[PDB]
Amino acid sequence: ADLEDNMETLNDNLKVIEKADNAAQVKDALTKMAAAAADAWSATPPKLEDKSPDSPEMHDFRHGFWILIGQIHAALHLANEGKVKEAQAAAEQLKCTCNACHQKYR
Amino acid sequence: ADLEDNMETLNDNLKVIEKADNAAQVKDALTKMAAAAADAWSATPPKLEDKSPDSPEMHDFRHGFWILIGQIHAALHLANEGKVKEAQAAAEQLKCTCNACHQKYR
Amino acid sequence: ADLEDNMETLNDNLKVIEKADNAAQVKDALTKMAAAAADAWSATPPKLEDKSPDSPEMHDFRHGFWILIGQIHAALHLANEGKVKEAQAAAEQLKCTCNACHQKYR
Ligand code: HEC
Ligand code: HEC
Ligand code: HEC
Ligand SMILES: [Fe+3]
Ligand SMILES: [Fe+3]
């Protein structure tokens, strides 16, 4: 899919997780987040289009999505175990990984 | 090798990082951090000595080390790039991963 | 213990998994690879015996295992969910991680 539309998925489901009531809504949104993060990993960001796909920048770009996916995974484990407050707090801490990448590459 | 000692290695090198002046020092610290986080990840913390070796808690306990080693590696990228300030800022944000795990398992 | 032996562990159980018939068998074989991979994270490969432990080659090397540990963990999840076909496929897909690292470092 699109890297913008991947980022839309991630953003929209971060807010869903914000206002969730129960565990199934959080699980639902985290599962979409993981799939979008997995598709976004293989993209070339506009600001790196001119760089070798193995430049240190594309390597660092790829690396940020591995961290994001591990964090999504860990949050989903909380949601699965029915811990809606902790799952939501993991999702909030998630935000640092988005900001860190956007600062360098958006 | 002690889990207690791996955590002092993590806490001591974190301190050296934030007090470094030159990037090679940040690099050497982070590498021992990763080696200690990686030595720690097959330990069983006090709060979980009864738990089955593959209980949900032990499972999520291992997630945190994987996330932490990734984030260290991302600072090692900044370090290797001479950028010494923002490698300290990545090490700073790192503590949120420390804290999440401490708040469940320490 | 040996790096060589971690590799025979990874290679034998990859074969075990292809020929497995049920989720338990694939989970047992994945479990074995997860330990081999975690063990090998801290090995020094013969081609890098002259690199510092904090070199960018040694950190890219350990990164390959960090990735492999993550991909094994995802496959282990599928297995644990009885999805024997998908988990077997995810074990197949691991050879990309293997090949990238052999190319650079074997
Ligand atoms: C992923 C599932 C795999 C599989 C199936 C194999 N490897 Fe590796 N490997 C790495 C290095 C540095 C070596 C050289 C070791 C040495 O010379 O002592 C190897 C070697 C092997 C072998 C042995 C081949 C031989 O002729 O001796 C085999 C069978 C093998 N590999 C299979 C490094 C890595 C990795 C670095 C991160 C990763 C990941 C893998 N290997 C993954 C796999
Ligand atoms: C590289 C790692 C990376 C990570 C990790 C990441 N982003 Fe993105 N993000 C980008 C890039 C690059 C763009 C710019 C896309 C473009 O311009 O085509 C972007 C764009 C966006 C956009 C759309 C911006 C626009 O103007 O349309 C949103 C929304 C967004 N990010 C939010 C998020 C959220 C939410 C997360 C995680 C929960 C996240 N980002 C994680 C790299 C990342
Ligand atoms: C994924 C798990 C995990 C991560 C990541 C983690 N910790 Fe620990 N930490 C623990 C546990 C469990 C203990 C309790 C060990 C004990 O009391 O035996 C602990 C204890 C500590 C202690 C007290 C040590 C002592 O002997 O009193 C300090 C300081 C510490 N952590 C700092 C850190 C730092 C610094 C980091 C990373 C930079 C970190 N922690 C990351 C699990 C973790
Ligand atoms: Fe998991
Ligand atoms: Fe790297």
Side-chain angles (χ1 to χ4, degrees), chain A residues 63 66-67 70-71 73-75 77-78 81 83 86 89-90 92-94 96-97 100, chain B residues 1-20 23-79 87-106, chain C residues 34-35 37-44 52-54 58-59 62-63 65-66 69-70 73:
Chain A
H63 184 84
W66 282 110
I67 296 178
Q71 285 166 320
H73 186 82
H77 183 92
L78 302 178
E81 297 301 317
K83 301 165 161 187
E86 285 166 72
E92 175 76 24
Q93 297 186 320
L94 210 36
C96 307
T97 303
Chain B
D2 229 306
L3 184 119
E4 290 205 333
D5 288 330
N6 291 311
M7 290 291 156
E8 305 284 299
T9 302
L10 274 166
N11 183 77
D12 286 358
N13 278 272
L14 189 54
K15 302 307 170 176
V16 174
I17 289 178
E18 62 212 37
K19 294 182 204 185
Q25 177 59 262
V26 174
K27 289 156 64 172
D28 175 81
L30 298 161
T31 165
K32 302 193 206 305
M33 295 201 56
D39 185 7
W41 63 22
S42 53
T44 292
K47 300 258 212 278
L48 309 186
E49 295 184 328
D50 73 10
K51 303 303 204 177
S52 328
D54 280 279
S55 75
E57 303 74 65
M58 292 300 296
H59 178 131
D60 182 78
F61 178 70
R62 281 190 274 275
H63 291 149
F65 288 116
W66 193 89
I67 295 180
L68 181 84
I69 287 165
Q71 295 174 308
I72 293 169
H73 189 99
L76 274 170
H77 286 171
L78 293 178
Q88 297 175 335
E92 181 66 21
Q93 287 170 358
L94 208 136
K95 180 90 180 168
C96 297
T97 299
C98 314
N99 296 326
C101 183
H102 292 157
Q103 292 304 301
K104 302 180 210 153
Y105 300 124
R106 179 170 76 168
Chain C
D39 189 23
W41 188 90
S42 47
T44 301
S52 185
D54 53 306
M58 277 298 297
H59 274 311
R62 285 189 278 269
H63 176 71
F65 285 117
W66 186 77
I69 290 152
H73 187 79

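Below, chains carry the letters A, B, ... as their sequence lines are ordered, and counting in each starts from 1. Below, each value reflects all heavy atoms present in this structure, side chains not excepted, and no hydrogens, waters or symmetry copies.
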Quick check: closest heavy atoms across [X] and [Y], and the distance to 0.1 Å?
| X | Y | result |
| --- | --- | --- |
| B:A43 | B:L3 | CB-CD1, 3.0 Å |
| A:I67 | B:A74 | CD1-CB, 4.3 Å |
| B:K27 | B:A79 | CG-CB, 3.3 Å |
| B:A87 | B:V26 | CB-CG1, 4.2 Å |
| C:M58 | C:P53 | CB-O, 3.7 Å |
| B:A36 | B:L10 | CB-CG, 4.3 Å |

Checklist entry - Which is it for C:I69 and B:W41 under the side-chain contact (heavy atoms from CB on, under 4.5 Å) test, yes or no, and what are the steps along the way? => result CA-CA 12 Å; C:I69 290 152; B:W41 63 22; 3.9 Å; yes

Item to check | Main-chain N/O of B:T9 paired to B:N13 side chain as donor or acceptor, under 3.5 Å | outcome: yes

Checklist entry - Hey, is the main chain of B:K95 close enough, under 3.5 Å, to the side chain of B:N99 for a donor-acceptor pair? => result yes

Item to check | Verdict with reasoning, B:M33 to B:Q71, per side-chain contact (heavy atoms from CB on, under 4.5 Å) | outcome: CA-CA 11 Å; B:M33 295 201 56; B:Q71 295 174 308; over 6 Å; no

Checklist entry - Just checking, any donor-acceptor pair under 3.5 angstrom between side chains of C:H63 and C:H59? => result no

Item to check | Distance-only donor-acceptor check, side chains B:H73 and B:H77, under 3.5 Å | outcome: yes

Nearest-0.5 Å distance, [atom1] of residue [X] to [atom2] of residue [Y]:
| X | Y | atom1 | atom2 | value |
| --- | --- | --- | --- | --- |
| B:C101 | B:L68 | SG | CG | 9.5 Å |
| B:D12 | B:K32 | CG | NZ | 12.0 Å |
| B:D28 | C:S52 | CG | OG | 7.5 Å |
| B:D60 | A:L78 | CG | CG | 5.5 Å |
| B:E92 | A:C96 | CD | SG | 11.0 Å |
| B:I17 | B:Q25 | CD1 | CD | 9.0 Å |

Item to check | Beyond-backbone contact of B:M7 with B:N11, side-chain heavy atoms, under 4.5 angstrom | outcome: no

Item to check | Minimum side-chain heavy-atom gap B:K104-A:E86 below 4.5 Å | outcome: yes

Next on the checklist: Could you go through B:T31 and C:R62, starting from their C-alpha distance and side-chain angles, then the distance that decides it, and tell me whether this counts as side-chain contact (heavy atoms from CB on, under 4.5 Å)?
Outcome noted: CA-CA 11 Å; B:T31 165; C:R62 285 189 278 269; 4.2 Å; yes

